[PDB]
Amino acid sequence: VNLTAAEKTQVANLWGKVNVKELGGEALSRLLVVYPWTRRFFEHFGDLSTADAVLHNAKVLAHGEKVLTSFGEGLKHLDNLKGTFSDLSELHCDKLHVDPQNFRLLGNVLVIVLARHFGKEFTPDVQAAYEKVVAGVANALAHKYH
């Protein structure tokens, strides 16, 4: 999760093209569709009973934009991820009790959403730079469990 200079640059160029509302809603909705147990953490957001309900849940979509904004804060502070995500780690561990494996699953869905939107621009090299970023964010988010 240490990035080459070329990888730091690839990360920024693509991020400047990200619509955080559209891609954030899509990433969180795909997490709840593909890995349904993650719906447990969001039952207070209303109907999640079916994939169609998840995809139309306004609160899931709005929350996804907040999550991707937060990933963006990591992506822009790559040398202090632990610091950037300290308070969120405590929230996710101490108050929400989300198992940290789920952070890896959300990173996997986010990489798939980036690939969907960037197509051929999301090259194997660009992907590998994002894999280091998402892994870094998950690790940092898991820290106050470690």
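Note that residue numbering begins at 1 and tracks the sequence as displayed.
- In this entry, 91 to 99 has the higher mean Cα B-factor, the comparison being between 47 to 55 and 91 to 99.
- Comparing the deposited coordinates for 126 to 134 and 16 to 24, the stretch with the larger average C-alpha B-factor is 126 to 134.
- The residue among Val60, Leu78, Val33, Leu110 whose C-alpha carries the highest B-factor in the deposited model is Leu78.
- Within the selection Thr84, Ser29, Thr38, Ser70, the deposited Cα B-factor values reach their highest point at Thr84.
- When the CA B factors of the chain's modelled residues are split into thirds, the value for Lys120 lands in the highest one.
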